[PDB]
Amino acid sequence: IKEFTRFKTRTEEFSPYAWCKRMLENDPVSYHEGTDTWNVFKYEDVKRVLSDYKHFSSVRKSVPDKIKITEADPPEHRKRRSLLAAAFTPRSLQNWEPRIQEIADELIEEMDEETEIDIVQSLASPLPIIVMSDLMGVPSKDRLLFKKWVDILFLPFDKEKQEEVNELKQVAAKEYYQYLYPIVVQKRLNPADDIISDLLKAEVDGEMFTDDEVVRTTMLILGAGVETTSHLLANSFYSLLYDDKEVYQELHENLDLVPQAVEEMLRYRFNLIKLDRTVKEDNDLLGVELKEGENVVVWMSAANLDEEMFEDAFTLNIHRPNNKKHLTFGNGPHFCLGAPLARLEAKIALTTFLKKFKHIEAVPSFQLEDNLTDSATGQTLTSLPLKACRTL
């Protein structure tokens, strides 16, 4: 990432609109000598690379093998995805809503009007983690223990840390495994409505998981869904405090708008997300002769800001007809399997908050350049304080 983007400040990277703008207009398909990648930005072209597995492929450049789902095209992808999709059935999802609600209620009841609330510390970070501990079937008594390891492994470093992180991660990995494996063993014998039990009962094309593979699969799932869901929640409150005064009140008066607002956040405020493909059959299609083996990186963050697809692309507009056509969850066969959940967590989180709080206020003293740390998405809020106002 760093070797191509090169932002002078953390604030530039948290809000990279100008950079996306100028790439979309002045360099929509740029080669980069220093990393040996092509770089695609336009919406129609990004969508073509993500979906056309035949010309652009997910095979490229420990994790079970039968579940390296990202790293396979049709037709062997179908096997890997069906295997994992056993834990993400519409039945489970239906059951998850009330359990996601209770957790949201607990966290929001714990916030008080009188003080400044830190949204990252008190909602954006713990909700995805507490949620995933629940849907996994970790006992509530061990929830805080789970959170300790999930933090370290999966939440964007701490603020000040270095390469002794790699050692801290290695330990958390070892302790997580020690902790979870016996729960997997016990759910093999005595199953319940949770991801672990469903992964154990999964059979697809004569493949079943070992207990060890189930454990490593939960790490995959946490690794896919915690940083990302945390980031969406954080940036959703960021946007409500700084991008448009009125949007909060608007949602407060019409709670049926929350899902649209989530979609507009995925479009406009899920910044720097990108994906990788390798070329497997030569083509123009983009308007440059690409050869097999070259690395195409796509920048969905930018695609989501292409004026061709989105009217007033650089403006937070929750009423824009086609917000939901954003590429933040991908497109084509690899479309985020966790989208239903992620959309669900965000709707519940926001809705529950809006029901308790009529107004929110940004703290004048808040310096955005402090309070940002490096991550897989670019930068990410380590803190976000607000003042809020009870009832209606």
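Start at 1 with the first residue shown and count on from there.
In this entry, residue 61 and residue 62 are separated by 10 or more residues of the deposited sequence that lack coordinates. Across the two stretches, 136-144 and 121-129, the PDB entry reports the greater mean Cα temperature factor for 136-144. In this entry, 94-102 shows the higher mean Cα temperature factor of the pair 94-102 and 222-230. Note on 292, 264, 198, 175: the highest value goes to 292, judged by CA B factor as recorded. Within the selection 282, 194, 212, 203, the deposited Cα B-factor values reach their highest point at 282.
In this PDB entry, the Cα temperature factor of residue 188 sits in the bottom third of its chain's modelled residues, the lowest group. When all modelled residues of the chain are sorted by CA temperature factor, residue 328 is found within the lowest third. The PDB entry assigns residue 20 a C-alpha temperature factor belonging to the middle third of its chain's modelled residues. The entry lists a Cα temperature factor for residue 365 that places it in the middle third of the chain's modelled residues. The deposited CA B-factor of residue 335 belongs to the lowest third of values across its chain.
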